[PDB]
DNA sequence: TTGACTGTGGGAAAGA
DNA sequence: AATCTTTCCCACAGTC
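What follows is the structure, given as structure tokens:
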């Protein structure tokens, strides 16, 4: 069996040059509707597993350069809930860059309040990739459709959170068409969907692309703006309105809870509401308003149901060749702090999913590291001589990258850059 | 040419008599504030050494006090880091 | 209500319906470098504090001040005359670190003993990630630095932005000297964080034999679910820590 | 065509 | 009470 291999200096230089980050991405909602008895109410927005990153293509080359078929070198995936061995459903990635798991269910036999999705991944040639977990999802029995309030609620929508919208045509399961943005065009694709920031805007604002944002939880009858997370193509101002029984209700000050059938209204646009005509989104009339001025009869294809969504991301790279040990513990670093100065210049790393088999790398320099806990690690900053040979002391600020390396050589990427602080005096703490 | 590399090599001897001699006759090259090998003038490395007579003679002969060395620090920073209290006196008095 | 996150417009068909203190490099001031370093450097810092010297000057990069530099480099003599010169001890840097946080992190014993004896010094200071100095002392397992804060009437039952307690970090790093002194001075034995986790859970996750033993000595409740209804025995068996499971199966039952 | 299922929404019923 | 969360219960509109 292949033993652990310490990451060398020139391999780190090669990583700094190429940067083939094999990033793994998971989009999934934060709320799951529970199923009772033997029912099977699926998650309306299917968990979407993306595989962004150029380095993935490199992984296609190296393995195929060692005698592997296109079927053997393709990573098969499994989706499941962790605490129960109720078999992991299969995900296939034949010629796609992503996939959605639309056949998942949660029975009432599991009395957990929260859970989290588990994704096993391995190549066809039995080479394991590992188990990646997504952010937590809350179980719900029925959406809080009553007149909730802000006092103790926390399942409503905050301005600036990733949300998603979908449709259901006459209680048909296959008729679900999700809101997506691609090619600078808003699609109603029944196969893809992105993360949508929703910003509460003041009643008096500007035309677009420049506005005064507003804080606070989002209620009905307000003015909101939807912005795709990746494309950035925004929509003009809209007004969310709760609907039921093909009738739109506008005079409502209730908060926007989860799994709500809302409607969007354009200012000074009569009754033209954003609806879907099969494959594309179009504005629809919805004329009748006879019972009350606050009751507009809106046709089908309009029960846009809203649901919040999070985003899990785990990026890494194999700097010392593929190893037998799975890369299922992916460390994340949320912030980096300082601990001393001079000869005892240490750094405190605050993150999540840390492993004791990890060592910090200040660019291309291996430093002494201590494992405090699974979310906190201390390290010793090396001398400036490792970067500038002739320099006895730090002369001018030097910006190096900070990364994490496992014993086997799996290099993990961070987004924080260390900066050597320049020192006026020469020799520090001479003794 | 050869007279320019004299101060950068004579200040590393901590000799006040030789400095006063080579500066009484003065010079024509007008080296004055001269950035040394580390980009530090004779003033800066004289503060590094920690002798008040050398820095005082330098300030006497037109050596500007409020100049930043090659790396960006003034004459006061090195005096504050070295701990020599007598240097900051004349660095503040000259303002 | 000041920021803005732009995008790009998009419409369906028909839009007409709309109708002498030298700045130097970075942020370092002569008094800052004096506090960072027969060298009468304490007397130099003293003479520097007088006259026209600005004490409250933050770094351009790190956001730290002169007192922060005196705390990091363990220059207690500088911090003495700084506090005597009516300096501030509750200044947050670019990372939220108060001078007490830098004194605890850098293991500045003298600066620590000087700051705890100061009146206006905050002990429940919250940084950007809300970590308190009483939590840092247990996170770094610095001997003696913990009990001096509790005797100075610090909040032992404190939480960060996440909601972790000092006992949580004491159980994570397995600092028995921290958890013991905390529980003796009225620490909550079964505090739940925002993720509904008990200190025993974090002790069983990272293999904290002695800290879990102490929590069992202080009668911690083994049966507390997390946000996924996982008991400490469950995470212990998942992480494959058999001796911790045996401690949860034998030591101090009922 | 008829027979046995099936995810989804909505209201009655049951606690709280 | 007037709200709310949690369990069943059952008829569309389609696929199997």
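Protein chains in written order, with PDB author numbering: chain E, 11 to 441; chain B, 13 to 107; chain F, 1759 to 1777, 1875 to 1892, 1904 to 2120. Heads up, the beta-carbon is just placed ideally off N, CA and C, and yes, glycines get one too.
Out of E/368, E/405 and E/399, the CA that lies nearest to the CA of residue 412 of chain E is found in E/368. Counting only the Cα atoms, residue 2047 of chain F lies some 14 Å from residue 2018 of chain F. Under DSSP, residue 265 of chain E shares a beta bridge with E/229. For residue 251 of chain E, the enclosing beta strand (DSSP E) begins and ends at 248 to 252. Sequence-distant partners of residue 2093 of chain F (beyond 5 residues in either direction) whose C-beta falls short of 6 Å from its own C-beta, in its chain, are 2061 and 2062. In the DSSP annotation of this structure, residue 2035 of chain F is not part of any beta strand (DSSP E); the continuous alpha helix (DSSP H) holding it starts and ends at 2032 to 2038.
Each of E/233, E/314 and E/44 was checked against the Cα of residue 273 of chain E, and the nearest Cα belongs to E/314.
For the region 185 to 218 of chain E, the residues whose beta carbon sits under 9 Å from a beta carbon of chain F are, in order, 191, 194, 195, 196, 207, 209, 212, 217 and 218. Assignment of residue 1761 of chain F by DSSP, reduced to helix, strand and coil, places it in the coil class. Flagged as an interface residue toward chain B: residue 1879 of chain F, by a C-beta distance shorter than 7 Å.
Rounded to the nearest whole angstrom, the C-alpha separation of residue 1927 of chain F and residue 199 of chain E is 47 Å. Beyond the five residues adjoining it in sequence on each side, residue 49 of chain B comes within less than 8 Å, by CB distance, of 20 in the same chain, given in chain order. For the set E/25, E/57 and E/11, the Cα lying nearest the Cα of residue 327 of chain E is the one of E/25.
Chain E has no Cβ within less than 7 Å of the Cβ of residue 1969 of chain F. Contact note: residue 1914 of chain F does not reach chain E at a C-beta cutoff of 7 Å; the least C-beta distance is about 14 Å.
With fewer than 16 other beta carbons inside 10 angstroms of its own, residue 38 of chain B counts as exposed. Taking a contact as a CB-CB distance under 8 Å, the pair residue 153 of chain E and residue 268 of chain E counts as one, their CB atoms being some 5 Å apart. For residue 405 of chain E, the CB contacts under 7 Å within the same chain, skipping 5 residues up- and downstream, are 432 in chain order. By the criterion of a C-beta distance shorter than 6 Å, residue 2082 of chain F is surrounded in its chain by 2117 and 2118, once the five residues flanking it on both sides are discounted.
Straight-line measurement puts the Cα of residue 278 of chain E at about 7 Å from the Cα of residue 1777 of chain F. Think of a sphere of 8 Å around the beta carbon of residue 1889 of chain F: the chain B residues whose beta carbon falls inside it are 92 and 93, in chain order. For the region 1981 to 2049 of chain F, the full-length alpha helix (DSSP H) segments reaching 4 residues or more read 1999 to 2005, 2013 to 2017 and 2032 to 2038 along the chain. Of E/192, E/297 and E/212, the smallest CA-CA separation from residue 205 of chain E is found for E/192. At least one CB of chain B lies nearer than 7 Å to the CB of residue 1885 of chain F. Here the alpha carbons of residue 98 of chain E and residue 189 of chain E stand approximately 28 Å from one another.
Contact of residue 1930 of chain F with chain B is not assigned, every C-beta pair being separated by 7 Å or more. Look at residue 1910 of chain F here: in three-state DSSP terms it is helix. Under the 7 Å criterion on CB atoms, residue 1777 of chain F is classed as interfacial with respect to chain E. The three-state reading of DSSP puts residue 1967 of chain F in helix, counting H, G and I together.
Of all residues in the region 72 to 84 of chain B, only 83 come within less than 7 Å of chain E when Cβ atoms are compared, listed by chain position. If you ignore the 5 residues before and after residue 45 of chain E, its C-beta comes within less than 8 Å of the C-beta of 51, 115, 116, 117 and 118, all in its own chain and listed in chain order. Counting only the Cα atoms, residue 1929 of chain F lies some 32 Å from residue 27 of chain E. A Cβ of chain F is located within less than 7 Å of the beta carbon of residue 223 of chain E. When secondary structure is reduced to three states using DSSP, residue 293 of chain E falls in the strand class. Taking 7 Å as the cut-off, the beta carbon of residue 99 of chain B is found no closer than this to the beta carbon of residue 107 of chain B. Proximity of residue 270 of chain E to chain F, defined by a Cβ-Cβ separation below 7 Å, is not satisfied.
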